[PDB]
Structures are given as structure tokens and as C-alpha cells.
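So the structure is just underneath, and the comments pick up after that.
Throughout, read-outs are computed from the coordinates displayed, never taken from laboratory work. With ideal geometry, Cβ positions are generated from the backbone for all residues, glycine too; neighbour counts draw on all protein chains shown.
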Amino acid sequence: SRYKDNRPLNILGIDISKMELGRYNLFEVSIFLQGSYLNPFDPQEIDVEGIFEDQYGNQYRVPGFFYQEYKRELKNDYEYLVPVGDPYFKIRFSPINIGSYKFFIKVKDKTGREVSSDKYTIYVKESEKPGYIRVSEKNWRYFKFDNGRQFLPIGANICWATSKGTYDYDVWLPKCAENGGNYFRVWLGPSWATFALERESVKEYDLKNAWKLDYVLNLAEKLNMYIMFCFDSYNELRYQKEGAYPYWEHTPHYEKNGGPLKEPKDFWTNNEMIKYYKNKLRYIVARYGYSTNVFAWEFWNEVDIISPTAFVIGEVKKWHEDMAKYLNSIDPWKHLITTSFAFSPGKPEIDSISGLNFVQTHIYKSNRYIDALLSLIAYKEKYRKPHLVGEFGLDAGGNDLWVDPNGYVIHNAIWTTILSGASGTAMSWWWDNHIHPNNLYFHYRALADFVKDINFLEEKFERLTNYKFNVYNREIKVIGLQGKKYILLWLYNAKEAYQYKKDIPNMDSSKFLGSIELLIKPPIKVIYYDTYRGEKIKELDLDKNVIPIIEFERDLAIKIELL
Ligand SMILES: OC[C@H]1O[C@@H](O[C@H]2[C@H](O)[C@H](O)[C@H](O)O[C@@H]2CO)[C@@H](O)[C@@H](O)[C@@H]1O
Ligand SMILES: OC[C@H]1O[C@@H](O)[C@@H](O)[C@@H](O)[C@@H]1O
């Protein structure tokens with residue numbers, strides 16, 4: 001209890017960032033106070049709240065959070081944070097309507113005493129921000145922003161940094177964003193993670209790592225990138241003898257290390273653990289919920305490979321139901337909620353929960369992974385909510401960086417997933433040792449430039465069929481979408497797409513390979529698109545339903561417009 005206080009409850013000061021701001025922008029209040037509490041992260045010890053009301057009567061009850069300011073520096077090869085000033089409490093709000101808001105601050109400590117701040121008025125003007133990310137009501141396969149524009153996640157996992165900490169995100173994120181990336185995922189556990197909130201304790205949260213997460217979220221705000229926050233990872237509940245980067249012996253949850261749990265099975269039902277987990281959710285909502293750059297709350301990385309002594313499907317399901325309900329109830333902005341599994345088909349008992357707004361796949365597979373992605377995407381349409389392939393790679397023991405230094409595997413997967421009907425790109429691993437040093441960002445730029453002007457929410461896209469190849473010299477396969485107005489094709493050579501030794505193609509090729517006949521009504525306009533250079537190659541008007549296939553080395557994209 002290093003942050004305890006033993007004084008009569010009183011507000012000592014309030015600082016307000018600005019009295020005028022734009023729609024969906026951050027409005028921050030600093031609160032200096034004294035009171036009686038053992039743990040500023042526990043609302044039963046001290047509960048700070050901001051009560052906001054727009055001019056239409058809508059009310060928002062925003063929990064406040066304990067905060068320490070830091071100044072970062074780089075000490076040779078590691079980030080070091082110097083504390084600045086005493087810690088204090090903050091409220092972070094974001095207005096969804098324009099016009100006037102009134103708000104006040106309310107504080108209650110463990111004595112039951114309650115104090116209040118006077119009503120303040122702020123004014124909100126229109127801004128460029130599109131709002132929070134939601135499931136599309138027009139097409140449940142896809143995400144939208146509040147303003148109705150689509151959100152197609154294009155990016156990769158970027159889940160933790162080296163010892164350089166936030167300085168790595170300074171490098172990775174601008175490169176991602178300038179190459180069409182608008183998405184990444186970060187880990188808030190286990191305790192070794194860059195943004196670990198439960199670093200030494202499950203009762204009190206790490207103010208340095210929370211500040212690093214502030215920094216990276218602010219950088220995403222500047223770059224128009226949107227983040228999935230993964231709260232916990234399976235390692236926390238996996239025993240040393242079970243392998244796969246286990247961490248139970250080191251995790252703060254374990255009684256040996258000060259926590260409430262005698263064994264990982266008890267995580268799901270232990271009353272003390274559930275209480276502190278809800279305090280963590282409240283802290284996360286308080287500190288980060290305002291941000292439209294939070295794409296989603298993700299409870300678990302691969303919860304199915306916690307210790308087999310700890311995975312009880314009925315209890316994990318109930319815990320996800322209860323925590324999703326709680327999180328929704330306290331999150332004024334109702335961010336999307338999800339969870340993930342190592343087993344690529346997932347766990348239907350959990351994926352079917354209505355409180356999980358979208359489902360995910362993790363898949364590491366070396367052989368015929370294009371077909372495996374297609375099959376999984378087709379299968380999970382049964383949930384009638386969006387599907388994110390949140391992790392993807394070879395099953396090569398982490399050797400992708402030297403088996404495939406050109407990123408052909410990533411290339412194949414991001415084209416396959418977005419043109420099979422998934423909500424966005426397959427999300428690669430290996431951001432730090434592969435994507436960045438091998439400079440693989442250009443793959444994403446080529447894909448983003450192909451899809452960005454299509455409104456997927458209105459095309460009524462269906463996976464391509466009723467097609468007939470007529471190709472004699474090669475084995476060419478197709479992944480395709482057929483919509484109201486567009487047909488999008490990704491063609492690949494089955495005998496070249498899975499070999500990674502040759503250099504990046506630079507076709508000069510103008511040559512005729514074969515044809516693909518589609519059941520569509522002509523006339524049409526056909527655009528041939530280089531998937532490595534990210535450029536239109538050729539354009540052709542047609543009066544029949546048979547599209548010539550021009551020469552290409554590994555794969556080729558075609559955009560067809562029904563006229
Ligand atoms: O290297 C940093 C952390 O790696 C962690 O293991 C990772 C591992 O690097 C790899 O990405 C693997 O497939 O997923 C693991 C996490 O589940 C931990 O070993 C951690 O201790 C390291 O700091
Ligand atoms: O920032 C990502 C990486 O960039 C490299 O050039 C080095 O500086 C690494 O130390 C760093 O982790």
C-alpha cells in the first residue's frame with residue numbers, strides 16, 4: 001500500500017485541459033485530493049467519478065484513475081522513466097455530441113464521506129473524427145465508424161517493444177501508418193509485457209507501464225491507427241512444466257508471489273481475484289476508454305492453452321459472459337469486446353456469447369495455408385458477426401524471417417483474408433524481427449490502395465463461385481469476392497505461391513495466360529493490379545463474361561466493375 005493516505009477527504013485542486021474541444025477529442029481533468037484510502041486502484045477505498053451531461057440530457061459516468069507523470073529518456077539501449085511531481089487522479093472524457101456539456105467531480109473514500117466539485121460547462125464543436133468502431137449494421141462481416149464509414153483493419157501484431165519501450169513504437173508505427181496500416185494489437189499482460197498493468201501485483205497497477213500505454217495510444221491518435229488491447233495472456237495461467245513460454249510460477253496472481261490464487265484453475269471463480277479483475281477493467285476504462293483509437297477490448301490471448309488443470313469450459317464461458325456484461329456496463333463508450341484461442345477453429349461455446357462482438361482466428365500453418373484460411377473464414381460465418389484473423393504465420397518455430405525474408409507468406413495471407421470475406425487483413429506476428437528489418441510494409445500499401453475506395457459495407461460481397469478456369473499451361477487458383485458492383489479477384493500460381501526463394505517479381509509480362517469465365521452480366525471494365533508494386537498494370541473493356549488472365553509470376557489482383 002505505498003500510495004495510501006490517511007487524511008479527511010477533501011478536493012485540493014482541479015485543473016481542466018481546455019474548455020472548448022472537438023467531437024470525440026480528449027477532455028482531461030486533473031484532480032488533486034486528500035482522503036483515507038489504502039489503495040488508489042480500488043474503488044472500495046477511493047472512488048473518483050466525473051458525471052457528464054450533454055445538452056440533450058444524456059449522462060456519462062466516467063470513473064477516474066490514479067496517475068503519475070513521467071519524463072522518458074533513452075539510456076543507451078533502454079527506456080528510463082523519471083517521475084515528475086506527485087501522483088494524482090485524472091478523468092478522461094470524450095464527447096460524442098457537439099454543443100454544451102455540464103459536468104462535476106464526485107469523490108467517495110473508505111469512510112463513506114462524499115465530496116463534490118461545482119458544475120462546469122464546456123463546449124464541443126464539430127471535428128473530423130469519425131467516432132468509435134462498431135459492428136456494421138449493413139453487413140455483419142465488417143466494422144464501421146460511428147459516422148458510417150467502414151473500418152477495414154490493415155496492420156499487424158505489434159504487441160510489445162524491446163527494452164527501448166516507447167522508442168520502438170516511435171519507429172514501427174509511422175512506418176506502418178505511411179504504408180496503409182491502421183491497426184495493431186498490444187499486450188497488457190503477462191507481467192513482462194511493455195504495457196503490463198499487473199506487473200508486481202494484481203491489486204495495484206503499474207503507473208510506468210500505464211504511462212507507456214498512454215504514449216503509444218497518443219501516437220496512434222496522431223497517426224489514425226486503432227488498437228486492440230489484449231488484457232491477459234495464457235502464459236499467466238500455464239505451469240512451467242507445461243512449456244510454451246509458461247509464466248504461472250512468476251505471475252502476481254499466484255499466492256507464492258502475493259496473489260490470491262493457489263492454482264490457475266481458481267482464477268475463474270475466486271471471489272478476491274474476480275473483485276480485483278473488475279477493478280482492473282475499471283482502471284482500463286477510466287484511463288483509456290475515452291479513446292476512439294481503442295478498437296477493441298480483448299480479454300485473453302489464447303485462453304484455451306492455459307494449464308489443462310485450469311481450463312474448465314463452462315467456467316471460462318461464464319466468466320467471459322459476466323466480465324463482458326460488467327465491462328460493457330461501466331464503459332461509457334461501449335467499445336467492442338472479444339477474446340482469442342490458439343485452436344484455430346476456436347471454442348463455439350465462448351465465441352457464440354452475445355457479449356463478444358466479434359470472433360477471431362489464430363493460425364500458424366506452413367502447408368496450404370491459403371486453403372486453411374478460406375475454410376476457417378467460411379466456417380465462422382456461422383456466428384453472424386465479424387471475424388478477425390488476429391494472428392497468422394508459418395508453423396516454422398519462429399523461422400519465418402529467414403525462410404521467407406521477402407514476406408510472401410504475409411503477402412499471401414493478407415490478400416486471401418480480405419478477399420475471402422474476413423473483416424480485415426490476417427495479422428502477422430514477428431513485427432520486430434521480421435516485418436520491420438525486412439521492410440515488409442510495402443505489402444500492406446499495395447493491398448490498402450487496392451481496397452480503400454470500395455465501400456465493403458454496401459457491396460453485398462459474396463465469396464466467388466460459378467467460375468470456370470480455362471488455363472492450360474499452369475495451375476492457377478482464385479480467391480474472390482462478387483458484389484453488387486465490383487468483383488475482386490486474387491489469382492495465384494499454386495506451384496509458385498508457396499516457394500519463397502526468388503526475388504520480388506517485377507513483371508514486364510504482357511503475355512496471355514488463359515481466362516476465367518464468371519457468371520456476371522456484361523459489359524464490364526477490368527483493371528489488372530500489381531500486388532507487389534501496388535499499381536494498375538492494365539485496363540480493358542469487355543462485352544463478354546470471360547476475362548483474359550495476363551502473365552504474372554506468383555499472384556495478381558483483378559478489379560472488375562459491372563457497368
Ligand atoms: O522476447 C520477448 C518475450 O518473448 C516471450 O515469448 C514470446 C516469444 O518471443 C514468441 O513471440 C512466442 O511465440 O510467444 C511468446 C509469448 O507467448 C517471453 O519469452 C518473454 O519472456 C519475453 O520477454
Ligand atoms: O525501433 C525498432 C528497432 O530499430 C532498430 O534500428 C534498432 O534501433 C533497435 O534497437 C530497435 O529496437
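Specify whether the C-alpha gyration tensor of segment 133-451 places it in the rounded, prolate or oblate class, a ≥ b ≥ c being the square roots of the eigenvalues: rounded for a/c under 1.5, otherwise prolate if a/b is larger than b/c and oblate if not.
Numbers: a/c = 1.36, a/b = 1.34, b/c = 1.02.
Rounded.
Taking only the C-alpha atoms, wrap a convex hull around segment 462-562 and report its volume per residue in Å³ as a whole number. Can you show the working numbers first?
Numbers: hull volume 9.9 nm³, N = 101.
Taking only Cα atoms, segment 462-562 has a hull volume of 98 Å³ per residue.
Rounded if a/c is under 1.5, else prolate if a/b is larger than b/c, else oblate: which is segment 5-125, with a ≥ b ≥ c the root eigenvalues of its Cα gyration tensor? Taking the square roots of the gyration eigenvalues as a ≥ b ≥ c, segment 5-125 is oblate.
For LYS75, a cut-off of 18 angstrom between C-alpha atoms picks up these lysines, skipping any fewer than 8 places away in its own chain: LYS164, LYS208, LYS212.
In terms of other Cβ atoms within 10 Å, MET225, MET273, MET427 run from fewest to most in the order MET273, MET225, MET427. Could I have the simple spin-label model distance between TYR80 and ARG368, label points 7 Å from Cα toward Cβ, reported in nm to one decimal? It is 5.6 nm. What the phi angles of segment 295-302 give under the Karplus curve with 6.51, -1.76 and 1.60, with θ = phi - 60°, is a coupling list of 6, 7, 8, 10, 5, 10, 8, 6 Hz, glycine and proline written as x. You can think of it this way: the chain between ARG61 and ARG533 has 165.0 nm of extra reach, that is 0.36 nm per residue less the Cα-Cα gap. Reducing segment 381-429 and segment 276-348 to their Cα centroids gives an inter-centroid distance of 23 Å. Does segment 97-238 come out rounded, prolate or oblate, given a ≥ b ≥ c as the square roots of the eigenvalues of its C-alpha gyration tensor, rounded meaning a/c under 1.5 and, failing that, prolate meaning a/b above b/c? Oblate, because a/c is 1.5 or more while a/b does not exceed b/c. Considering only DSSP states other than H, G, I, E and B, which trypsin sites (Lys or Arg not before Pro) in segment 322-370 qualify as loop sites with at most 13 other Cβ atoms within 10 Å? Listed in order of number, the matching sites are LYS334, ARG368.
Between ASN473 and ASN433, the FRET efficiency from the beta-carbon distance, with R0 = 45 Å, is close to 0.70. Cβ crowding within 10 Å ranks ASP304, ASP400 as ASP304, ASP400, fewest other Cβ atoms first.
What FRET efficiency would be calculated for the residue pair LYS544, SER352, taking the C-beta separation as r and a Förster radius of 56 Å, to the nearest 0.05?
Working: r = 45 Å, r/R0 = 0.80.
Step by step, r from the Cβ atoms, then E = 0.80.
Of all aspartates and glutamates in the structure, those lying under 15 Å Cα to Cα from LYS108, and not within fewer than 8 positions of it along the same chain, are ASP5, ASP42, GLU45, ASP47, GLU49.
May I ask for the distance between the Cα centers of segment 72-122 and segment 1-32, given as a whole number of Å? If you average the Cα positions of each part, the centres end up 4 Å apart.
A cut-off under 11 angstrom between Cβ atoms defines the neighbours of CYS230, and their net charge, with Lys, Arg +1 and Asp, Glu -1, is -3.
Return the subset of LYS175/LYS382; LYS102/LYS129; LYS106/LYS325 for which the Cα-Cα distance in this structure is over 31 Å, preserving the input order.
Working: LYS175/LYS382 36 Å; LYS102/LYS129 22 Å; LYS106/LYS325 25 Å.
Over 31 Å apart, Cα to Cα: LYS175/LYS382.
Counted residue by residue at 0.36 nm each, then reduced by the alpha carbon distance between them, the extension gain from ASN257 to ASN466 reaches 69.2 nm. Extension gain, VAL171 to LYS485: 0.36 nm times the residue separation minus the Cα-Cα distance gives 109.1 nm. For the pair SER116 and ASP146, a Förster radius of 22 Å applied to the C-beta separation gives a FRET efficiency near 0.10, rounded to the nearest 0.05. Of the peptides 405-418, 104-117, the order by per-residue mean of other Cβ atoms within 10 Å, starting with the highest, comes out as 405-418, 104-117.
Seen from all directions on average, the chain presents a Cα convex hull projection of 26.9 nm². Among beta bridges identified by DSSP and lying wholly in the chain, the antiparallel ones come to about 75 percent.
What residues from segment 334-369 fall in the zone where the backbone N is under 17 Å from a label point 7 Å along the Cα-to-C-beta line of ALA396? Flagged as within label range: 363-369.
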